[PDB]
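Below, each chain spelled out in residue letters.
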Amino acid sequence: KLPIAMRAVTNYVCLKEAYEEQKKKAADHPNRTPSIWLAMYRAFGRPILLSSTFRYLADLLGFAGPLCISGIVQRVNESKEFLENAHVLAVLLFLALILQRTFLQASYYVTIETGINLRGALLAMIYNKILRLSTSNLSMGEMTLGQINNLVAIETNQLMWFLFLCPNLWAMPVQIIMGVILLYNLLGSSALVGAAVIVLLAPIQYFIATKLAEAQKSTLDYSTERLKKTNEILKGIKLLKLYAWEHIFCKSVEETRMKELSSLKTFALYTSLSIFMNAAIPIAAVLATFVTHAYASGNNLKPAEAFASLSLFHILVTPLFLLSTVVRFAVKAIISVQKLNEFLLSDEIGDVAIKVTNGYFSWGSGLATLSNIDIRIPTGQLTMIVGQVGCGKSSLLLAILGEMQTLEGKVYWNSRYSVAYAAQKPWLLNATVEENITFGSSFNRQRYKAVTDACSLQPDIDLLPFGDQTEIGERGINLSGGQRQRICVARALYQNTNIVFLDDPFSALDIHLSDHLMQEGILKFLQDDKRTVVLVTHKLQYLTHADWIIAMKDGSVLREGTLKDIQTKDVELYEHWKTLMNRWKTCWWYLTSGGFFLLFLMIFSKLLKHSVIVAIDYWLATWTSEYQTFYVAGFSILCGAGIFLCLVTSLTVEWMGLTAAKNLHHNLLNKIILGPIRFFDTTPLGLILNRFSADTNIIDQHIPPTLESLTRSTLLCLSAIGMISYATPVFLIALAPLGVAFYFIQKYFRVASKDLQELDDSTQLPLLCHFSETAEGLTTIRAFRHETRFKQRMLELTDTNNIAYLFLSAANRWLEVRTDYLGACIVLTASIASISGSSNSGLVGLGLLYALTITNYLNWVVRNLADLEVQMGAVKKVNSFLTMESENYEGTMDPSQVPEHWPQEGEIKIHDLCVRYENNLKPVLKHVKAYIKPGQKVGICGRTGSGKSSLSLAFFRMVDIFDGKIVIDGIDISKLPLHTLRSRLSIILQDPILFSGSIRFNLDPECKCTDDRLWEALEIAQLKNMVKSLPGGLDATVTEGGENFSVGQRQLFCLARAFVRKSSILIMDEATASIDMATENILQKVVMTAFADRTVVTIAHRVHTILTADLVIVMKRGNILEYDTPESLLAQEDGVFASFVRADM
Ligand SMILES: CC(C)CCC[C@@H](C)[C@H]1CC[C@H]2[C@@H]3CC=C4C[C@@H](OC(=O)CCC(=O)O)CC[C@]4(C)[C@H]3CC[C@]12C
Ligand SMILES: Nc1ncnc2c1ncn2[C@@H]1O[C@H](COP(=O)(O)OP(=O)(O)OP(=O)(O)O)[C@@H](O)[C@H]1O
Ligand SMILES: Nc1ncnc2c1ncn2[C@@H]1O[C@H](COP(=O)(O)OP(=O)(O)O)[C@@H](O)[C@H]1O
Ligand SMILES: CC1(C)Oc2ccc(C#N)cc2[C@@H](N2CCCC2=O)[C@@H]1O
Ligand SMILES: [Mg+2]
Ligand SMILES: [Mg+2]
């Protein structure tokens, strides 16, 4: 499989020991952080020393070119002592070249091996950190799941790619210095003038690296923010599309994209300037050197010395080809490792089954949310926790589990035992249903059947494509909320632990499913195993079954004991409870996106640049062919034109890249956000967010540099071929076999590369997904204490990905070795042809040194072409989304007919409405006919899967209608533009989607509302006091996903978000699912007293709420059964509504 040295386990252990030694060294000092760079050096240095040794030997052998060219030229110009023989020197040059290529490839192999080992070790380190970091980092905005995913995907790979190129940073300097030292021998003091111009690259490149570092840090910041906004959009597309807020968030994302593109333009300008200097300081150095020699040494250059010096200049230029690449990658890797080091230095976690005494706990801030927690959980009994929204129940659970730092008090666990946690926000991995329910336990069909029948999952799973073996979660078929929650509770029940913490498992479930889970699942199945159970529920009707009762108010336990104990001590609380219960082509498109003028300007400028650059060498050959003002003047004008064209060609390609990136991302976003909701339901969010993050990163930052390096290399190779063939017209014949050979090796490479490439992208996706599903749901993994198994799985997956990437790199090295030997053969053939069949004593030299150039740059041509193919793949992925269906916003009703206040009355008539989600699917709604008067209170009830939500989303045309007319105030909604319909009606969904920013930003993203109405709304939604007490008032922050607030408070914010709009029709779809009964009653009273004029349709979670409603509808499999007042339906014998009321009460 993977050799032991290359396993992620050993590399991780080595890097971890190095980093722990660094942490010791840091503990030695105050304000001296541990450094990843020294840890990595100490751990993985010896391989890098080996590769550096190979590189130095390669450079020393590369200096054989100058000597051999000098000898060959001198001999063409004019035993065993025949080593001067031209052919002998040519053969020695060929052998030196093959040996240099062997050493270079050995160095590359060692470096890539080390880079892959280090990538594995770093991913292991940050994965263990994920398993260690406290959730208060994500809850308070310290960081986000997206940032951690960015670490795993972009930043670690950026460090790895830099480490591939690392030996250059110290090898390129040396190779340059040696060159100067040799030039000085041939040319005397004149060569010191060129040495100064070359030395100036060090200050210049350091300055440019400073500027690039600043620009890259800014780009990374704005990329983080833009991806945050994009992810929040994609996750909440339903709410945005329902509120007509799509374009507002699109505009904000575009603003952040503009800032990111300004930072990218600074980075491109300074990258384009570094390329200009690396190219034009050699032109200037050649000028200075040879002009000075012309006017200092009276003796002219003999051809041998001239060509030796020119070859030394070529050997200097080769280092500077890759200097821009290495400075770019080093500047990116420095930022990357700053981010990694910030991540790895963060906050980390610190009878009677559980006994908490005098416990003050806080959510990683400094102010206590729980105080005076004196509780005990009796062993093997049912403990129920009851409290209004935001009273510390989930806080209490995650405190016992130790997930929030303790300020005072103790918890005793008569080290922690494995506790089965069913979190309030259910978490599902990307495995099958069976894997999520078993969750790392031996399959037992008897227990599995018992659990599945206690959670009523059987009818729901047999409706799935592959019953019980269908992939679930992100990247798989998306289950409804109730299905996901019941799968999570099934997971909790199936495990063989003794303590089961269930945090409100009945939020999404209806009355029948909830009662079934309570009777068969908790009271019967768990009490048979005699397992401790802690329930956090608002279902007060279940308090009769409770064995122990904890009551929580305002963060502190108000009273604790059996029901009778509470009745005897706190008569008030018991009476309150009783009252409440009432008892390719893509490449051409990328090039053309410039506009047919940037492309042709680029290509013509590059060709002219190389024409002049090669004319410089031809001119030097002709000039030194003597053994003057005219030659100096011609040389100067050629060099100046070369510098100018270098500047132009540098700018053009980067500008092309900028424009292409901007247009690609803009089209992608403005087409994704206009798609139908069916597209987002069907397509996994991963397949879209990856386009937005990884493919966008490639398009922005990876394609322009690869393309420019490819063009430079290919034109250097073509220039060398042209010069050689001109010097020796016979070489063209020799170009027939070799060229053909090229075409073959590449061919073979492809049929493997492609294959391996697919593998390397199919084995990386699991790994990344793991880092996701552990970053999310971390508290669950640490509640079951399955951290060891997840570490093992991460090591396995990273080993697999490393095997795949190692084979990919091995194929690349195969092709590179083959092309290097082909280039050595090209050099040999050109050398022989020039020695034997060239006219002048100067053309032999040009042919030889340009053959050397061919060998030097053909390798880069091949490598960069392969990389550019793999990246045009990503451009193809991004372009694929411009063929989406676009929701029809146009509308047909003339805007003149639509009044200025269209829902002015709020009377809805639904005539023969039949709704389906996709064509050739079951009609969820069947010939429903409804008539709600203006200013009428309508309550719709039914069992899960009865089309309540379909009937709700019908008004906003998020479900495709087969037949039926929905007339709101005399207008068929089918004619209106989508926005005038979706903006003038307000709907409160069941899932509390919440965006990052202030409270204001979540209540009115347009900022078109005064603070007074925001306070009115937050008063109706019962959140006025909590916001008044919050640090920043209405400007208080809301971290991504609303994690810093309770679930109930998230829902109440979602209710205020609807109350602000103040439209005439309010569709409340199970809005009080997570709200407790105490808050829910007062909230309903206030909403009825405030919206008494408007028309509200309430799809109710409990029938008690819709008892005081003007009209009641009961749905059953898409059919309205009873249509009358609640009194009539109650008085009907054996009626459905009457049965609902008994169960709910
Ligand atoms: C000119 C000849 C003799 C050698 C060609 C390369 C070298 C000049 C070396 C010596 C100094 C090196 C540069 C000096 C330091 C930096 C900055 C470094 O990034 C940072 O320093 C962080 C940014 C910051 O300081 O805020 C990235 C590598 C780089 C460009 C180095 C790249 C390789 C350089 C140019
Ligand atoms: N992840 C979190 N990070 C920081 N503060 C939090 C977090 N969750 C809740 N809080 C704060 O803790 C207080 C208690 O909320 P908690 O999380 O215990 O809700 P809960 O009572 O379990 O929820 P509900 O009963 O509505 O389902 C709230 O004021 C909230 O501000
Ligand atoms: N996103 C969806 N795409 C296709 N069909 C769905 C989707 N959601 C629900 N359904 C189907 O429509 C029917 C009614 O679902 P729904 O309207 O969600 O019921 P409820 O009113 O209880 O929410 C169900 O039988 C279900 O199979
Ligand atoms: C004028 C010369 C000495 O200086 C430069 C400057 C920039 C670049 C580039 N890229 C290349 C070169 C030399 N060439 C031209 C073809 C191969 C090579 O090394 C030039 O012969
Ligand atoms: Mg809760
Ligand atoms: Mg529903």
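Residues numbered from 1 in each chain as written, not as in the entry; some residues may be left out. Chains lettered and ligands numbered in written order. Heavy atoms only, no water. Residues with missing side-chain atoms left out of burial classes, pairs and counts.

Visitor: Explanation requested: the domain arrangement of the protein chain in the structure shown.
Guide: How big an interface is tends to be stated in terms of accessible area lost as the parts join. Per the domain assignment, the segments making up the protein chain are domain 1 (4–345 + 588–883), domain 2 (382–546) and domain 3 (987–1060). Look at where the C-alpha atoms of domain 1 and domain 2 centre, and you get two points 51 Å apart. Contact residues are listed per partner, giving 23 residues for domain 1 and 22 residues for domain 2. Of the roughly 2,000 Å² buried between domain 1 and domain 2, counting both surfaces, carbon and sulfur atoms make up 54%. Remark: the boundary between domain 1 and domain 2 carries one salt bridge. With a shortest N-O distance of 2.3 Å, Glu403 and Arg782 are connected by a salt bridge. (Domains from an automatic or database assignment. Contact = heavy atoms within 4.5 Å. Buried area = accessible area lost by both parts, 1.4 Å probe. Salt bridge = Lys/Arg side-chain N within 4 Å of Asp/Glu carboxyl O.)

Visitor: What exactly am I supposed to notice about a positive patch on the surface here?
Guide: Together, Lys926, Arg943, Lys1116 and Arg1117 make up a positively charged patch on the protein surface. Its location among the elements puts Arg943 in the loop between β12 (937–942) and α32 (948–954). The partly exposed category is assigned to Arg943, whose relative accessible area is 40%. (Patch = residues over 30% accessible without salt bridge, like charges linked within 9 Å, V, L, I, M, F, W, Y side chains within 5 Å. Areas by Shrake-Rupley, 256 points an atom, 1.4 Å probe, with all protein chains shown as cover. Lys, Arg positive; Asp, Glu negative; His and termini not counted. Charge placed at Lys NZ, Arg CZ, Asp CG, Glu CD. Helix = DSSP H or I, 4+ residues; strand = E, 2+ residues; numbered from the N terminus. Buried < 20%, exposed > 50% of the residue type's maximum accessible area, 1.4 Å probe, protein only.)

Visitor: Mind showing me how you'd approach the sheet that holds strand β5 (residues 419–422) here?
Guide: Across a sheet, strands are paired by hydrogen bonds formed along the backbone, either parallel or antiparallel in direction. With mixed pairing, six strands are arranged side by side in an open sheet as β5-β6-β7-β3-β8-β9. Sheet topology places β5 and β9 (556–561) at the edges, where each strand pairs with a single neighbour. Taken over all neighbouring pairs, the strand axes of this sheet differ in orientation by 15° on average, direction set aside. Pairing of strand β3 (residues 382–386) with strand β7 (residues 532–536), which is carried by four bridges, proceeds in the parallel orientation. Opposite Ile385, over in β7, you have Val536 as the bridge partner. (Pairing = 2+ DSSP bridges. Axes fitted to C-alpha atoms, helices over the stretch in contact; angles between N-to-C directions.)

Visitor: Which parts of the structure should I look at to understand the site of ligand 1?
Guide: Close contacts around ligand 1 come from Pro173, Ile176, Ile198, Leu201, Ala202, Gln205, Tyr206, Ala209, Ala213, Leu323 and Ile334, and that covers them all. Protein contact buries 69% of the 720 Å² of open area that ligand 1 shows by itself. Of all the secondary-structure elements, those providing two or more residues to the shell around ligand 1 are α7 (168–187), α9 (201–235) and α13 (323–344). Per-element accounting of the shell around ligand 1 gives the leading share, six residues, to α9. Considered class by class, the residues forming the shell around ligand 1 number ten nonpolar, one polar and no charged. (Near = heavy atom within 4 Å. Nonpolar A, V, L, I, M, F, W, Y, C, P; charged D, E, K, R; others polar.)

Visitor: I tried to follow the site of ligand 4 on my own but got confused; where do I start?
Guide: Around ligand 4, a shell composed of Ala279, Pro282, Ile283, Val286, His314, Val317, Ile613, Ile616, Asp617, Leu716, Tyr850 and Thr853 is seen. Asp617 is positioned with one of its side-chain polar atoms (N or O) 2.4 Å from an oxygen atom of ligand 4. Across the complex, the protein chains shield 98% of the 450 Å² of accessible surface that ligand 4 would expose by itself. For the shell around ligand 4, the elements supplying multiple residues, two or more each, are α11 (246–296), α12 (303–321), α23 (598–624) and α31 (843–879). The element best represented in the shell around ligand 4 is α11, accounting for four residues. Along the lines of polarity and charge, the residues of the shell around ligand 4 split into nine nonpolar, two polar and one charged. (Polar contact = N/O pair within 3.5 Å; in protein donor to acceptor, adjacent residues only side chain to side chain.)

Visitor: Help me understand the coordination of the magnesium ion (ligand 5), please; the structure alone is not making it clear to me.
Guide: Where a metal carries four tetrahedral donors, each ideal angle is 109.5 degrees; where it carries six octahedral donors, the ideal angles are 90 or 180 degrees. Protein-derived ligands of the magnesium ion (ligand 5) are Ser394 (OG) and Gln424 (OE1), with the metal-ligand distances lying across 2.0 to 2.2 Å. By relative accessible area, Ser394 is classed as partly exposed at 23%. (Donors = N, O, S within 2.8 Å, 3.2 Å for Na, K, Ca; no water.)

Visitor: Explain the packing of aromatic side chains here, please?
Guide: Pairs of aromatic rings are described using the distance from one ring centre to the other and the angle between the two planes. With the rule as written, the count across this model stands at 28 aromatic pairs. Their ring planes at 75° and their centres at 5.1 Å tell us that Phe679 and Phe680 sit as a pair that is edge-to-face. In this structure, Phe679 and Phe680 share a single accessibility class: buried. Aromatic rings pair up to connect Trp619, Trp623, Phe630, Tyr631 and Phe635 into one cluster. Of note, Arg119 hangs over the ring of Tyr805, and the distance from its end group to the ring centre comes to 5.2 Å. (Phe/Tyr/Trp six-rings, centres within 6.5 Å; stacked < 30°, edge-to-face > 60°. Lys NZ or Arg CZ within 6 Å of the ring centre and 35° of its normal.)

Visitor: What's the story with the side chain of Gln871 in this structure? I'm lost.
Guide: Mapped onto the fold, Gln871 is located in helix α31. Beyond its immediate stretch of four places on either side in the chain, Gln871 contacts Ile698, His702, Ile703 and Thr706.

Visitor: Even after reading the chapter, I still don't get the packing of α23 against helix α26 (residues 685–727), so can you show me in this structure?
Guide: Two quantities define a packed helix pair, namely the angle between the axes and the distance from one axis to the other. Look at α23 against α26: their axes get within 10 Å of each other, and the N-to-C directions meet at 45°. As judged from the angle between their axes, α23 and α26 are oblique. Judged by the twist between their axes, the crossing of α23 over α26 is right-handed. Every residue of α26 that contacts α23 at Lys606, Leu607, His610, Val614 and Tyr618 is listed here: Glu708, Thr711, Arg712, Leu715, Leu716, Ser719, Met723 and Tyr726. The residue inventory of the contact of α23 with α26, partitioned by class, reads seven nonpolar, three polar and three charged. (Parallel < 35°, antiparallel > 145°, perpendicular 65-115°, else oblique. Left-handed = near helix turned anticlockwise from the far one by under 90°.)

Visitor: Please explain the sheet that holds strand β13 (residues 960–968) as it appears in this structure.
Guide: Pairing within the open sheet is antiparallel, and its four strands lie in the order β11-β10-β13-β14. Taken across any chain shown, the strands that pair with only one partner, and hence form the sheet edges, are β11 (925–932) and β14 (971–972). Examined bridge by bridge, β13 and β14 share two bridges and lie antiparallel to one another. Among the inter-strand pairings, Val967 is bridged to a residue of β14, identified as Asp972.

Visitor: Please explain helix α35 (residues 1011–1020) as it appears in this structure.
Guide: Every α-helical turn comprises 3.6 residues, leaving residues that sit three or four positions apart pointing alike. Taken as a whole, α35 has its buried residues at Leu1014, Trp1015, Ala1017, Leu1018 and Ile1020. Buried residues belonging to α35 abut α34 (999–1003), α36 (1024–1029), α37 (1047–1061) and α38 (1077–1090).

Visitor: Can you walk me through the pairing of strand β1 (residues 352–362) in this structure?
Guide: On a regular strand, one side chain projects to one face of the sheet and the next to the other, so that they alternate. Bridge count between β1 and strand β2 (residues 368–378): seven bridges; the pairing is antiparallel. Residue pairing across strands places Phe361 opposite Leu370, the latter belonging to β2. The loop that links β1 with its antiparallel partner β2 comprises five residues; one of these, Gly364, has a positive phi angle of about 55°. The sheet contact formed by β1 and strand β4 (residues 406–412) spans five bridges and is antiparallel.

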